[PDB]
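These notes are about the structure you will find just below.
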Amino acid sequence: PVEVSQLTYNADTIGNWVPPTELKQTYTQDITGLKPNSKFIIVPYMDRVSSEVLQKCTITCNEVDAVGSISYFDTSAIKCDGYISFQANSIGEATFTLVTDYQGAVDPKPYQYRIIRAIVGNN
Amino acid sequence: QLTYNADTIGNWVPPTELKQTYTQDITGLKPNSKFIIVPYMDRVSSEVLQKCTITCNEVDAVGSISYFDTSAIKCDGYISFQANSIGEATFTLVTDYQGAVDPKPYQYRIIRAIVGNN
């Protein structure tokens, strides 16, 4: 176990949300390979050319106690905001709900996420 | 035991010149505690290519943050740092904006692991 005086944050795990294939879509996505039963926070980041066709995406976890929503929007009024604080399950997984409303969706570029883990205790 | 607080948000002070290097102190933090600051965005693009890059002046801090609001959107990076004994941390901002009439600030979110005396 890591003493609080040696606490560090690992923030180098990044990934992509699978893009939708319809203009309005609700779906889920699993993230996998996490330390089992650890506490994490997932935050949005962006390095992404705007589609300029109003690609709105909201992510949440329907577990009570996974707290927060993440919002993405790429057209003029840029959103890359929110967070979700969650605990990975006993096999190192978590699931998220995505709700997308895109005004165009030919071959959309994924929105992007970063997972942060405090390395302290046995987390 | 371990929970995160991620609701502390703030603004980076905007530049007064087209090309600028300046510092900003974030204050009010728990003295000596360890944090990670990430960029976020909730902001109308200027469309005038407002580029901002941030690094931390504190001893042993690590990372860089980048912002860019025009076509190729950047809201990226992170800095992991320790607040000083006063509850402050100093950052260096490098800005290169193609226009700069009353610019909207770029935005940050500070994450703290609430564990032990952190």
Looking only at region B:21-54, filter to residues that are surrounded by 18 or more Cβ atoms within 10 Å (Cβ to Cβ) and either free of Cβ contacts under 8 Å to residues at least 40 places away in the same chain or among the basic types (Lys, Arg) (or both); which one of those is farthest from A:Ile42 (Cα to Cα)?
B:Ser45
Of the residues B:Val48, B:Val38, only one is in a strand (DSSP E or B) and among the β-branched types (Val, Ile, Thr); which?
B:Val38
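Restricting to region B:64-86, name every residue that is in a loop (DSSP other than H, G, I, E, B) and either within 14 Å of chain A (Cβ to nearest Cβ) or small (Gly, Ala, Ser) (or both).
Within region B:64-86, B:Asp69, B:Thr70, B:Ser71, B:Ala83, B:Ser85 qualify.
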Scope region A:65-98; condition surrounded by fewer than 16 Cβ atoms within 10 Å (Cβ to Cβ) and among the acidic types (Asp, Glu); matching residues
A:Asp65, A:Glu93
Quick one: which of A:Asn123, A:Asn89 is assigned to a loop (DSSP other than H, G, I, E, B), within 12 Å of another protein chain (Cβ to nearest Cβ) and either more than 20 Å from A:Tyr9 (Cα to Cα) or not charged (D, E, K, R) (or both)?
A:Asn123
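Kindly indicate the residue of region B:72-101 that is small (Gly, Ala, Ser) and in contact (Cβ under 8 Å) with a residue 12 or more places away in the chain and also farthest from A:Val4 (Cα to Cα) among those meeting that condition. Steps first, please.
If we filter region B:72-101 for residues that are small (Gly, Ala, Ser), which is where we start, we get B:72, B:77, B:80, B:83, B:85, B:87, B:89, B:99-100.
From what is left, the residues that are in contact (Cβ under 8 Å) with a residue 12 or more places away in the chain are B:77, B:80, B:83, B:85, B:87, B:89, B:99-100.
Numbers: B:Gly77: 24, B:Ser80: 15, B:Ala83: 14, B:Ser85: 16, B:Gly87: 17, B:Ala89: 19, B:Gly99: 45, B:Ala100: 43 Å.
Only one residue tops the list, namely B:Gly99.
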Quick test of your reading of the structure: A:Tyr9 fulfils all but one of (1) in contact (Cβ under 8 Å) with a residue 60 or more places away in the chain; (2) assigned to a loop (DSSP other than H, G, I, E, B); (3) more than 14 Å from the chain's Cα centre (by Cα). Name the failing condition by number.
(2)
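All Cβ positions, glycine included, derive from the backbone under ideal geometry; neighbour counts span all protein chains shown. Just so you know, all these numbers are worked out from the coordinates, no wet-lab data involved.
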